[PDB]
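Trainee: Mind having a look at this structure? Questions to follow.
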Ligand SMILES: *C(=O)[C@H](CC)[C@H]1NC(C(=O)O)=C2[C@H]1CCC[C@H]2OCCCC
């Protein structure tokens, strides 16, 4: 058993060098090991005001928000309000274009709909334009044949996953996910009384923050501190300890394997690789050329339930932040790395892989 001291050094001697080389002003880390999380804070949350990163510091999660969208979706499935097999059209009858027919809620949740673009275009400001956008979309591939990572796919899935509930996305997430897990410092919209905890992002010397856009709460809009995030990782890492029954199942469903893409497996928001896995295959699958490419898929039908020996992770960014989380259920270890600079993902996973490998 690694002492608290050794682990502190291990995190120290990995993150500082990582912050120097990538000139990251601030980052907070945890470190889930032996039932408890362990926090480490470095640098600044705001250079201009010289406020150091604290365990209360709020960070933009970026694409890591998709993991919440994934679990919230699984929760609706657990309650029976929705089914992955249903036609997307079943929750958006207005979507009449014949090209949507054999497309499922599953395809949306897993970027397998046939080439939905990485982003929902900027001309899309309201409901009428969201409709027109999707209504005009012409698929490059048949459903369930190609994985093309997109915010416009999963963004839609989350907004449609909550319709039967009659609850707006923000309200459904706080009620069914955030509140039952005691994540009271995680928000889709930071309340005025917490702005003070809100860190500033840092693009090339410039202080920045995410902007509002359609289907954002679902794909890249969530903010939290390292404590809430560590508990969000503890819940996803050990759902047995989750009392709420539907939420317990929603978590398992998000970690379930729906498609094999080379060495990777696609869940609801989460992505997985069998453990043991070498750092080289996780670091290289992390490169833009791989992560943005539309790759041929292999259906895991029926969906494989959570496999403990999995390296389960998710990377996320906004203009000014960079975050990464990874956990191995079989070994009850996990890591949260929140930084206020969007550095390269391959650099995030190597550092994460390095500290976990020590545990
Ligand atoms: C998840 O981290 C996102 C989703 C919004 C990643 N996808 C893209 C994109 O669709 O362009 C990103 C990237 C994170 C960084 C933000 C965004 O890049 C746009 C450029 C503005 C920084």
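Here Swiss-Prot sets the residue numbers for chain A, with the shown residues being 22-380 in order.
Recorded method is X-ray crystallography, 2.2 Å.
Using N, Cα and C of the backbone, Cβ positions are placed for all residues, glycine too.
Dumping what Swiss-Prot says about this protein:
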- 84: active site, acyl-ester intermediate (ACT_SITE)
- 170: active site, proton acceptor (ACT_SITE)
- 335, 336, 337: substrate binding site (BINDING)
Trainee: Residues other than 335, 336, 337 within 8 Å, Cβ to Cβ centroid, of the substrate site?
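Mentor: Result: 82, 83, 84, 85, 87, 88, 334, 338, 344, 345, 346, 366.
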Trainee: Where ligand 1 binds, which of the recorded positions 170, 335, 337 are close by, with Cβ under 6 Å?
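Mentor: Among the recorded positions listed, those whose Cβ sits under 6 Å from ligand 1 are 337.
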Trainee: In whole Å, note down how far the CA of residue 335 (substrate binding site) lies from the CA of residue 170 (active site, proton acceptor).
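Mentor: Distance (Cα to Cα, whole Å): 13 Å.
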Trainee: Under 8 Å between C-beta atoms and at least six apart in sequence, can you list the same-chain neighbours of residue 337 (substrate binding site), or say none if there are none?
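Mentor: Residues satisfying the criterion: 82, 83, 84, 85, 86, 87, 241, 343, 344, 345.
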Trainee: Validating a neighbour-count step here. Other CB atoms within 10 A of the CB of residue 84 (active site, acyl-ester intermediate): how many?
Mentor: 20
Trainee: Per DSSP, residue 335 (substrate binding site) is which: helix, strand or coil?
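Mentor: Looking at the DSSP assignment, residue 335 (substrate binding site) belongs to a strand.
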